[PDB]
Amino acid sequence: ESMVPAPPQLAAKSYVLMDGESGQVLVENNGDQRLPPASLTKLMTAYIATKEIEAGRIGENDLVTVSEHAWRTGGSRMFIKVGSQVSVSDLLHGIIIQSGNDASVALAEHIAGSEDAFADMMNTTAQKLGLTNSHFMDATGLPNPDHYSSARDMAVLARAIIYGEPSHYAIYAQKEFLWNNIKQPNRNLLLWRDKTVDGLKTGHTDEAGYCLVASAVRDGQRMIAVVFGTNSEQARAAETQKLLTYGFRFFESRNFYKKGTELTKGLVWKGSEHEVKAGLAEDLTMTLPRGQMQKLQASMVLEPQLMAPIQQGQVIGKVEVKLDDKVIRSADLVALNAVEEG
């Protein structure tokens, strides 16, 4: 019919284009292959930190003592002095802007005691995000057989980061950071090249090639592009722009339901109330090739024998959207109001 053009074929080992609002993968090539992430690892390190801050388990002004192990790192670094005290906020800028290996290690040890226990939190967090092909051996991305991620996993991680605290995500777009008499630019060159790009991270080794997790916003849409293994910085940027354009030019986004509002009722066994109001945890939005919105229909099926007690946000049923009798985007219906067991 009026099927949009095929996606560009990029010179790169893997890539994924993901819409921001909907979180749907729009294009995917070799998306689940386990590849070395190099500095892309730092997206996981920083994210954990931001989640610990949100949970109030660490504070932005808390002073972190720099161990010998953190100071012994190599590669890109913030140049924190061994034995000095540095705040969580400053280290986080060092990780995010400068991809500082020292800062990564110091903040990991501050959070979990040691880098090995932090890697555990990285894997637990991977699971919690639903990463399918990611595993972490340290907080920096040192080359290791068991240290890997994929283009799709990185888009999932990036989306979780993008939609966190705005003051935290804004760090990704900061152009430079000064520490200990050394001022260094944000390593993400696209920042200077394209004003609609606001993140996130580059990675590179001889083994992994030139990698990038980028996100841009144009005309009310957010695209997330992940590319692994390009041939050079120039190709990395060029191939990412092609991927981005393809998403912006050929896909449209429509908001269907906002989180909360009731969609339907449900039978509860043993509860003081006879039924609960089901809804969605957060906005449900679809992003699809032009002219496809029109072909969508939604099924909201609850659980037959759901029995109390029922907690607010508890997994009850699942809403499913069919594209011509073909199920695609499936969200999670949850009980809004809690229910007793009188």
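Residue indices: 1-based, along the sequence shown.
In this entry, 300-308 has the higher mean Cα B-factor, the comparison being between 62-70 and 300-308.
282-290 and 45-53 differ in mean CA B-factor, and the higher of the two is recorded for 282-290. Highest CA B-factor among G94, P166, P143, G260, as stated in the entry: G260.
Sorting the modelled residues of the chain by their CA temperature factor places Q234 in the middle third. Per the deposited record, the Cα B-factor of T125 falls in the middle third when ranked against the other modelled residues of its chain.
Ranked against the other modelled residues of its chain, the C-alpha B-factor of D153 as given in the entry falls in the middle third.
Sort the modelled residues of the chain by CA B factor and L35 lands in the middle third. In the deposited entry, the Cα temperature factor of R77 sits in the bottom third of values across the chain's modelled residues.
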